[PDB]
file work.pdb (PDB, C-alpha atoms)
ATOM      1  CA  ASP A   7    -152.430 206.049-213.462  1.00  0.00           C
ATOM      2  CA  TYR A   8    -151.868 204.994-209.827  1.00  0.00           C
ATOM      3  CA  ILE A   9    -148.506 205.499-208.121  1.00  0.00           C
ATOM      4  CA  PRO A  10    -148.963 205.304-204.321  1.00  0.00           C
ATOM      5  CA  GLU A  11    -146.840 207.694-202.254  1.00  0.00           C
ATOM      6  CA  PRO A  12    -147.137 206.642-198.603  1.00  0.00           C
ATOM      7  CA  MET A  13    -145.891 208.922-195.851  1.00  0.00           C
ATOM      8  CA  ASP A  14    -142.310 208.368-194.734  1.00  0.00           C
ATOM      9  CA  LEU A  15    -142.576 207.122-191.132  1.00  0.00           C
ATOM     10  CA  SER A  16    -139.114 205.560-190.684  1.00  0.00           C
ATOM     11  CA  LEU A  17    -138.027 208.256-188.196  1.00  0.00           C
ATOM     12  CA  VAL A  18    -141.071 207.989-185.917  1.00  0.00           C
ATOM     13  CA  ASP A  19    -140.017 206.510-182.529  1.00  0.00           C
ATOM     14  CA  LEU A  20    -142.639 204.470-180.718  1.00  0.00           C
ATOM     15  CA  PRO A  21    -142.155 203.270-177.133  1.00  0.00           C
ATOM     16  CA  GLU A  22    -140.319 199.980-176.934  1.00  0.00           C
ATOM     17  CA  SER A  23    -142.956 198.762-174.458  1.00  0.00           C
ATOM     18  CA  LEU A  24    -145.496 199.221-177.259  1.00  0.00           C
ATOM     19  CA  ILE A  25    -143.474 197.469-179.987  1.00  0.00           C
ATOM     20  CA  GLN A  26    -143.101 194.401-177.725  1.00  0.00           C
ATOM     21  CA  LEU A  27    -146.872 194.231-177.949  1.00  0.00           C
ATOM     22  CA  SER A  28    -147.138 194.177-181.783  1.00  0.00           C
ATOM     23  CA  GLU A  29    -148.101 190.456-181.621  1.00  0.00           C
ATOM     24  CA  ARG A  30    -150.979 191.040-179.229  1.00  0.00           C
ATOM     25  CA  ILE A  31    -152.296 194.008-181.181  1.00  0.00           C
ATOM     26  CA  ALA A  32    -151.940 192.166-184.473  1.00  0.00           C
ATOM     27  CA  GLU A  33    -153.688 189.125-183.043  1.00  0.00           C
ATOM     28  CA  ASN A  34    -156.762 191.017-181.922  1.00  0.00           C
ATOM     29  CA  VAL A  35    -157.007 192.909-185.193  1.00  0.00           C
ATOM     30  CA  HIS A  36    -156.915 189.422-186.744  1.00  0.00           C
ATOM     31  CA  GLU A  37    -159.706 188.045-184.526  1.00  0.00           C
ATOM     32  CA  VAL A  38    -162.057 190.974-185.260  1.00  0.00           C
ATOM     33  CA  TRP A  39    -161.446 190.405-188.973  1.00  0.00           C
ATOM     34  CA  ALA A  40    -162.170 186.690-188.565  1.00  0.00           C
ATOM     35  CA  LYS A  41    -165.438 187.278-186.690  1.00  0.00           C
ATOM     36  CA  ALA A  42    -166.727 189.659-189.365  1.00  0.00           C
ATOM     37  CA  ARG A  43    -166.034 187.151-192.163  1.00  0.00           C
ATOM     38  CA  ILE A  44    -167.350 184.105-190.241  1.00  0.00           C
ATOM     39  CA  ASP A  45    -170.576 186.006-189.605  1.00  0.00           C
ATOM     40  CA  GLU A  46    -170.919 186.620-193.364  1.00  0.00           C
ATOM     41  CA  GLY A  47    -170.517 182.919-194.210  1.00  0.00           C
ATOM     42  CA  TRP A  48    -166.776 182.774-194.869  1.00  0.00           C
ATOM     43  CA  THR A  49    -165.068 179.495-193.915  1.00  0.00           C
ATOM     44  CA  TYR A  50    -161.563 178.084-194.246  1.00  0.00           C
ATOM     45  CA  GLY A  51    -160.368 177.086-197.707  1.00  0.00           C
ATOM     46  CA  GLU A  52    -156.961 175.736-198.785  1.00  0.00           C
ATOM     47  CA  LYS A  53    -157.203 178.317-201.599  1.00  0.00           C
ATOM     48  CA  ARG A  54    -158.892 181.716-201.401  1.00  0.00           C
ATOM     49  CA  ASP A  55    -162.233 181.718-203.227  1.00  0.00           C
ATOM     50  CA  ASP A  56    -164.653 184.635-203.203  1.00  0.00           C
ATOM     51  CA  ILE A  57    -167.662 182.815-204.682  1.00  0.00           C
ATOM     52  CA  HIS A  58    -167.629 179.765-202.363  1.00  0.00           C
ATOM     53  CA  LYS A  59    -166.395 182.118-199.591  1.00  0.00           C
ATOM     54  CA  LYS A  60    -163.253 180.228-198.671  1.00  0.00           C
ATOM     55  CA  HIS A  61    -160.084 181.770-197.273  1.00  0.00           C
ATOM     56  CA  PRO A  62    -156.822 180.207-196.022  1.00  0.00           C
ATOM     57  CA  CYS A  63    -156.324 182.795-193.221  1.00  0.00           C
ATOM     58  CA  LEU A  64    -159.559 181.885-191.338  1.00  0.00           C
ATOM     59  CA  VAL A  65    -157.472 180.130-188.701  1.00  0.00           C
ATOM     60  CA  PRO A  66    -156.326 181.108-185.215  1.00  0.00           C
ATOM     61  CA  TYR A  67    -153.675 183.805-185.426  1.00  0.00           C
ATOM     62  CA  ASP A  68    -150.999 181.514-183.965  1.00  0.00           C
ATOM     63  CA  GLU A  69    -151.706 179.023-186.776  1.00  0.00           C
ATOM     64  CA  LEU A  70    -150.877 181.651-189.389  1.00  0.00           C
ATOM     65  CA  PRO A  71    -147.736 181.567-191.504  1.00  0.00           C
ATOM     66  CA  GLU A  72    -145.246 183.998-190.012  1.00  0.00           C
ATOM     67  CA  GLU A  73    -145.275 185.800-193.376  1.00  0.00           C
ATOM     68  CA  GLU A  74    -148.824 186.891-192.607  1.00  0.00           C
ATOM     69  CA  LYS A  75    -148.031 187.441-188.896  1.00  0.00           C
ATOM     70  CA  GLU A  76    -145.180 189.725-190.011  1.00  0.00           C
ATOM     71  CA  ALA A  77    -147.581 191.577-192.313  1.00  0.00           C
ATOM     72  CA  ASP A  78    -150.088 192.001-189.456  1.00  0.00           C
ATOM     73  CA  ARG A  79    -147.581 193.330-186.927  1.00  0.00           C
ATOM     74  CA  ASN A  80    -146.255 195.859-189.441  1.00  0.00           C
ATOM     75  CA  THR A  81    -149.707 197.074-190.394  1.00  0.00           C
ATOM     76  CA  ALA A  82    -150.293 197.722-186.702  1.00  0.00           C
ATOM     77  CA  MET A  83    -146.964 199.399-186.145  1.00  0.00           C
ATOM     78  CA  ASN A  84    -147.442 201.604-189.189  1.00  0.00           C
ATOM     79  CA  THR A  85    -150.975 202.455-188.031  1.00  0.00           C
ATOM     80  CA  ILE A  86    -149.633 203.534-184.639  1.00  0.00           C
ATOM     81  CA  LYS A  87    -146.732 205.429-186.243  1.00  0.00           C
ATOM     82  CA  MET A  88    -149.129 207.577-188.343  1.00  0.00           C
ATOM     83  CA  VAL A  89    -150.784 208.466-185.070  1.00  0.00           C
ATOM     84  CA  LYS A  90    -147.592 209.767-183.452  1.00  0.00           C
ATOM     85  CA  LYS A  91    -146.878 211.572-186.754  1.00  0.00           C
ATOM     86  CA  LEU A  92    -150.247 213.408-186.656  1.00  0.00           C
ATOM     87  CA  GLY A  93    -149.343 215.106-183.355  1.00  0.00           C
ATOM     88  CA  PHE A  94    -150.385 212.599-180.676  1.00  0.00           C
ATOM     89  CA  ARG A  95    -148.362 211.530-177.622  1.00  0.00           C
ATOM     90  CA  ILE A  96    -148.166 207.791-176.886  1.00  0.00           C
ATOM     91  CA  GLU A  97    -146.844 206.862-173.455  1.00  0.00           C
ATOM     92  CA  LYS A  98    -147.178 203.858-171.171  1.00  0.00           C
ATOM     93  CA  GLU A  99    -149.198 204.371-167.953  1.00  0.00           C
TER      94      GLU A  99
ATOM     95  CA  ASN B   4    -161.503 167.151-185.901  1.00  0.00           C
ATOM     96  CA  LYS B   5    -164.450 169.264-184.759  1.00  0.00           C
ATOM     97  CA  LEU B   6    -162.689 171.612-182.455  1.00  0.00           C
ATOM     98  CA  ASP B   7    -163.465 174.558-184.804  1.00  0.00           C
ATOM     99  CA  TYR B   8    -162.245 178.138-184.856  1.00  0.00           C
ATOM    100  CA  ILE B   9    -164.399 180.522-182.809  1.00  0.00           C
ATOM    101  CA  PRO B  10    -162.984 184.063-182.988  1.00  0.00           C
ATOM    102  CA  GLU B  11    -163.193 185.874-179.653  1.00  0.00           C
ATOM    103  CA  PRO B  12    -161.750 189.379-179.997  1.00  0.00           C
ATOM    104  CA  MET B  13    -161.114 191.700-177.071  1.00  0.00           C
ATOM    105  CA  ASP B  14    -164.145 193.798-175.965  1.00  0.00           C
ATOM    106  CA  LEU B  15    -163.188 197.352-176.961  1.00  0.00           C
ATOM    107  CA  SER B  16    -166.760 198.678-176.852  1.00  0.00           C
ATOM    108  CA  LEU B  17    -165.965 200.795-173.761  1.00  0.00           C
ATOM    109  CA  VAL B  18    -162.593 202.232-174.917  1.00  0.00           C
ATOM    110  CA  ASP B  19    -162.845 206.023-175.500  1.00  0.00           C
ATOM    111  CA  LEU B  20    -160.335 207.557-177.919  1.00  0.00           C
ATOM    112  CA  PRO B  21    -159.754 211.331-178.156  1.00  0.00           C
ATOM    113  CA  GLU B  22    -162.272 212.902-180.499  1.00  0.00           C
ATOM    114  CA  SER B  23    -159.640 214.801-182.521  1.00  0.00           C
ATOM    115  CA  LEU B  24    -158.064 211.385-183.190  1.00  0.00           C
ATOM    116  CA  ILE B  25    -161.314 209.846-184.458  1.00  0.00           C
ATOM    117  CA  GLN B  26    -161.632 212.892-186.690  1.00  0.00           C
ATOM    118  CA  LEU B  27    -158.374 211.812-188.279  1.00  0.00           C
ATOM    119  CA  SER B  28    -159.236 208.158-188.941  1.00  0.00           C
ATOM    120  CA  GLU B  29    -159.638 208.927-192.654  1.00  0.00           C
ATOM    121  CA  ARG B  30    -156.072 210.246-192.898  1.00  0.00           C
ATOM    122  CA  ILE B  31    -154.666 207.214-191.056  1.00  0.00           C
ATOM    123  CA  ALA B  32    -156.621 204.717-193.130  1.00  0.00           C
ATOM    124  CA  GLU B  33    -155.497 206.440-196.346  1.00  0.00           C
ATOM    125  CA  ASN B  34    -151.851 206.034-195.445  1.00  0.00           C
ATOM    126  CA  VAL B  35    -152.386 202.399-194.548  1.00  0.00           C
ATOM    127  CA  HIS B  36    -153.984 202.020-197.974  1.00  0.00           C
ATOM    128  CA  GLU B  37    -151.007 203.736-199.665  1.00  0.00           C
ATOM    129  CA  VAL B  38    -148.710 201.209-197.968  1.00  0.00           C
ATOM    130  CA  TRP B  39    -150.745 198.131-198.839  1.00  0.00           C
ATOM    131  CA  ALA B  40    -151.140 199.419-202.407  1.00  0.00           C
ATOM    132  CA  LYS B  41    -147.469 200.270-202.938  1.00  0.00           C
ATOM    133  CA  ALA B  42    -146.635 196.796-201.624  1.00  0.00           C
ATOM    134  CA  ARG B  43    -148.918 194.953-204.046  1.00  0.00           C
ATOM    135  CA  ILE B  44    -147.948 197.054-207.084  1.00  0.00           C
ATOM    136  CA  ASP B  45    -144.272 196.245-206.381  1.00  0.00           C
ATOM    137  CA  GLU B  46    -145.124 192.554-206.835  1.00  0.00           C
ATOM    138  CA  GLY B  47    -147.126 193.011-210.033  1.00  0.00           C
ATOM    139  CA  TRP B  48    -150.698 193.387-208.841  1.00  0.00           C
ATOM    140  CA  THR B  49    -152.826 195.735-210.993  1.00  0.00           C
ATOM    141  CA  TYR B  50    -156.397 197.068-210.953  1.00  0.00           C
ATOM    142  CA  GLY B  51    -159.268 195.000-212.325  1.00  0.00           C
ATOM    143  CA  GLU B  52    -163.024 195.479-211.857  1.00  0.00           C
ATOM    144  CA  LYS B  53    -163.291 192.044-210.205  1.00  0.00           C
ATOM    145  CA  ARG B  54    -160.703 190.314-208.006  1.00  0.00           C
ATOM    146  CA  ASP B  55    -158.499 187.626-209.599  1.00  0.00           C
ATOM    147  CA  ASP B  56    -155.474 186.002-207.951  1.00  0.00           C
ATOM    148  CA  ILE B  57    -154.101 184.384-211.119  1.00  0.00           C
ATOM    149  CA  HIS B  58    -153.300 187.634-212.960  1.00  0.00           C
ATOM    150  CA  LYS B  59    -152.872 189.567-209.684  1.00  0.00           C
ATOM    151  CA  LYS B  60    -155.772 191.945-210.346  1.00  0.00           C
ATOM    152  CA  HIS B  61    -157.493 193.676-207.442  1.00  0.00           C
ATOM    153  CA  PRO B  62    -160.329 196.254-207.554  1.00  0.00           C
ATOM    154  CA  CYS B  63    -159.110 198.248-204.527  1.00  0.00           C
ATOM    155  CA  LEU B  64    -155.744 199.047-206.170  1.00  0.00           C
ATOM    156  CA  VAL B  65    -156.963 202.585-206.737  1.00  0.00           C
ATOM    157  CA  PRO B  66    -156.346 205.912-204.985  1.00  0.00           C
ATOM    158  CA  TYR B  67    -157.981 205.755-201.584  1.00  0.00           C
ATOM    159  CA  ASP B  68    -160.423 208.589-202.319  1.00  0.00           C
ATOM    160  CA  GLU B  69    -161.890 206.471-205.138  1.00  0.00           C
ATOM    161  CA  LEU B  70    -162.490 203.436-202.981  1.00  0.00           C
ATOM    162  CA  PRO B  71    -166.100 202.310-202.543  1.00  0.00           C
ATOM    163  CA  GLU B  72    -167.190 203.732-199.207  1.00  0.00           C
ATOM    164  CA  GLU B  73    -167.803 200.268-197.716  1.00  0.00           C
ATOM    165  CA  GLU B  74    -164.076 199.654-198.091  1.00  0.00           C
ATOM    166  CA  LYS B  75    -163.236 203.064-196.614  1.00  0.00           C
ATOM    167  CA  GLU B  76    -165.355 202.297-193.518  1.00  0.00           C
ATOM    168  CA  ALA B  77    -163.554 198.964-193.099  1.00  0.00           C
ATOM    169  CA  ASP B  78    -160.223 200.828-193.186  1.00  0.00           C
ATOM    170  CA  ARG B  79    -161.228 203.524-190.707  1.00  0.00           C
ATOM    171  CA  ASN B  80    -162.499 200.804-188.344  1.00  0.00           C
ATOM    172  CA  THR B  81    -159.357 198.653-188.509  1.00  0.00           C
ATOM    173  CA  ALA B  82    -157.364 201.782-187.710  1.00  0.00           C
ATOM    174  CA  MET B  83    -159.548 202.895-184.736  1.00  0.00           C
ATOM    175  CA  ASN B  84    -159.810 199.318-183.482  1.00  0.00           C
ATOM    176  CA  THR B  85    -156.034 199.012-183.787  1.00  0.00           C
ATOM    177  CA  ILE B  86    -155.427 202.026-181.558  1.00  0.00           C
ATOM    178  CA  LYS B  87    -158.232 201.221-179.155  1.00  0.00           C
ATOM    179  CA  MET B  88    -156.226 198.073-178.389  1.00  0.00           C
ATOM    180  CA  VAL B  89    -153.268 200.345-177.707  1.00  0.00           C
ATOM    181  CA  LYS B  90    -155.359 202.277-175.176  1.00  0.00           C
ATOM    182  CA  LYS B  91    -156.656 199.013-173.640  1.00  0.00           C
ATOM    183  CA  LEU B  92    -153.121 197.679-173.112  1.00  0.00           C
ATOM    184  CA  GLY B  93    -152.479 200.691-170.902  1.00  0.00           C
ATOM    185  CA  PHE B  94    -151.040 203.448-173.072  1.00  0.00           C
ATOM    186  CA  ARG B  95    -152.116 207.078-172.854  1.00  0.00           C
ATOM    187  CA  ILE B  96    -152.973 208.897-176.110  1.00  0.00           C
ATOM    188  CA  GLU B  97    -153.179 212.693-175.922  1.00  0.00           C
ATOM    189  CA  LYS B  98    -153.061 215.400-178.540  1.00  0.00           C
ATOM    190  CA  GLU B  99    -149.958 217.614-178.416  1.00  0.00           C
TER     191      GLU B  99
END
call {"tool": "encode", "arguments": {"input": "work.pdb", "output": "structure tokens"}}
result
Amino acid sequence: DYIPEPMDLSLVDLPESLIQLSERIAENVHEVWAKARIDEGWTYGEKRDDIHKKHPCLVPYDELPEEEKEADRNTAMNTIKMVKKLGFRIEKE
Amino acid sequence: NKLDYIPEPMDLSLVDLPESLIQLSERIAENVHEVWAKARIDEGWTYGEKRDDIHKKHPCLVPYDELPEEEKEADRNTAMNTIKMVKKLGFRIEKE
């Protein structure tokens, strides 16, 4: 049934000062996520396992494969781009 | 080996976003879902009632509006916590 049709955001221009911060944003979004899982019993596991509550990404953000770091930064940049697209101004103070 | 991983996220509890932006968190989180979904489908993941990594079956591979509301809340929060961090790092966010 399901064909996802995301919004085209490729022509949204964010401030360069903000894009240089992708890493920092992505890291904190990662740490929040980690705290939630740790506080529900999740621990590190070489392979992801829902029943024994393991997960290979329950590591410090810098210890993540850059694959996943890339994913995180792009999630954040797309999140912020939707915001500019919805009629909001983003400017450095 | 007993240095272990203590997450310590930034304290965003005092960051105030514009209300009209919070009112839109559903729309933002939906489009993040459309992107994650389109990504997974393009590498063969499909829907299944329970999650399985061997056949690439995931229960959230559904239209956003049909997600269980616990998942929707998660999404809205990631999105508002993402842009709170943008405010905290010293960027102004106003409606146009």
call {"tool": "resolve_selection", "arguments": {"input": "work.pdb", "expression": "the PyMOL selection byres ((chain A) within 10 of (chain B))", "output": "PyMOL selection string"}}
result
chain A and resi 7-14+21+23-24+27-28+30-42+44+49-50+54-56+64-67+77+81-99
call {"tool": "atom_distance", "arguments": {"input": "work.pdb", "atom1": "CA of residue 78 in chain B", "atom2": "CA of residue 25 in chain B"}}
result
12.6 Å
call {"tool": "residues_around", "arguments": {"input": "work.pdb", "residues": "residue 48 in chain B", "least_positions_apart": "6", "cutoff": "8 Å", "atoms": "only C-alpha atoms", "output": "number ranges by chain"}}
result
B: 58-61
call {"tool": "atom_distance", "arguments": {"input": "work.pdb", "atom1": "CA of residue 78 in chain A", "atom2": "CA of residue 57 in chain A"}}
result
25.0 Å
call {"tool": "atom_distance", "arguments": {"input": "work.pdb", "atom1": "CA of residue 72 in chain A", "atom2": "CA of residue 29 in chain A"}}
result
11.0 Å
call {"tool": "build_atoms", "arguments": {"input": "work.pdb", "residues": "range 65-83 of chain A", "atoms": "N, CA, C and O atoms", "output": "compact mmCIF listing (two decimals), in the frame of the given file"}}
result
# COMPACT_ATOMS: atom_id res chain seq x y z
N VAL A 65 -158.05 181.03 -189.69
CA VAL A 65 -157.47 180.13 -188.70
C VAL A 65 -157.06 180.98 -187.51
O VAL A 65 -156.98 182.21 -187.60
N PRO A 66 -156.82 180.35 -186.36
CA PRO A 66 -156.33 181.11 -185.22
C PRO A 66 -155.00 181.77 -185.56
O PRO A 66 -154.15 181.18 -186.22
N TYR A 67 -154.86 183.02 -185.12
CA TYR A 67 -153.68 183.80 -185.43
C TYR A 67 -152.38 183.02 -185.25
O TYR A 67 -151.49 183.10 -186.10
N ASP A 68 -152.25 182.24 -184.17
CA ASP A 68 -151.00 181.51 -183.96
C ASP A 68 -150.77 180.47 -185.04
O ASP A 68 -149.62 180.09 -185.28
N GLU A 69 -151.83 180.00 -185.70
CA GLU A 69 -151.71 179.02 -186.78
C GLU A 69 -151.39 179.67 -188.12
O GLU A 69 -151.35 178.97 -189.15
N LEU A 70 -151.17 180.97 -188.14
CA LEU A 70 -150.88 181.65 -189.39
C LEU A 70 -149.41 181.49 -189.76
O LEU A 70 -148.54 181.43 -188.89
N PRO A 71 -149.12 181.43 -191.06
CA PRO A 71 -147.74 181.57 -191.50
C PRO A 71 -147.16 182.87 -190.99
O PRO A 71 -147.85 183.89 -190.94
N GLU A 72 -145.89 182.83 -190.60
CA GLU A 72 -145.25 184.00 -190.01
C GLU A 72 -145.16 185.15 -191.02
O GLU A 72 -145.16 186.32 -190.62
N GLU A 73 -145.08 184.81 -192.31
CA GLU A 73 -145.28 185.80 -193.38
C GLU A 73 -146.45 186.72 -193.06
O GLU A 73 -146.31 187.95 -193.00
N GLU A 74 -147.61 186.12 -192.83
CA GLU A 74 -148.82 186.89 -192.61
C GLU A 74 -148.82 187.55 -191.23
O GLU A 74 -149.23 188.71 -191.09
N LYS A 75 -148.31 186.84 -190.20
CA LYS A 75 -148.03 187.44 -188.90
C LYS A 75 -147.14 188.68 -189.02
O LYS A 75 -147.44 189.73 -188.43
N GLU A 76 -146.01 188.55 -189.73
CA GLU A 76 -145.18 189.72 -190.01
C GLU A 76 -146.00 190.85 -190.63
O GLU A 76 -145.94 192.00 -190.18
N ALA A 77 -146.76 190.54 -191.69
CA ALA A 77 -147.58 191.58 -192.31
C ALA A 77 -148.46 192.26 -191.28
O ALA A 77 -148.47 193.50 -191.18
N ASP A 78 -149.16 191.47 -190.45
CA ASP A 78 -150.09 192.00 -189.46
C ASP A 78 -149.39 192.93 -188.46
O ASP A 78 -149.85 194.05 -188.20
N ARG A 79 -148.26 192.49 -187.90
CA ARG A 79 -147.58 193.33 -186.93
C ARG A 79 -147.16 194.66 -187.54
O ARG A 79 -147.24 195.71 -186.89
N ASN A 80 -146.77 194.64 -188.82
CA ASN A 80 -146.26 195.86 -189.44
C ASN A 80 -147.37 196.81 -189.81
O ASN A 80 -147.21 198.03 -189.69
N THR A 81 -148.51 196.26 -190.25
CA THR A 81 -149.71 197.07 -190.39
C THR A 81 -150.00 197.81 -189.09
O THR A 81 -150.24 199.02 -189.09
N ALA A 82 -149.97 197.08 -187.97
CA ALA A 82 -150.29 197.72 -186.70
C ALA A 82 -149.25 198.77 -186.34
O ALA A 82 -149.59 199.86 -185.87
N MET A 83 -147.98 198.46 -186.56
CA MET A 83 -146.96 199.40 -186.14
C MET A 83 -147.05 200.62 -187.03
O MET A 83 -146.96 201.75 -186.52
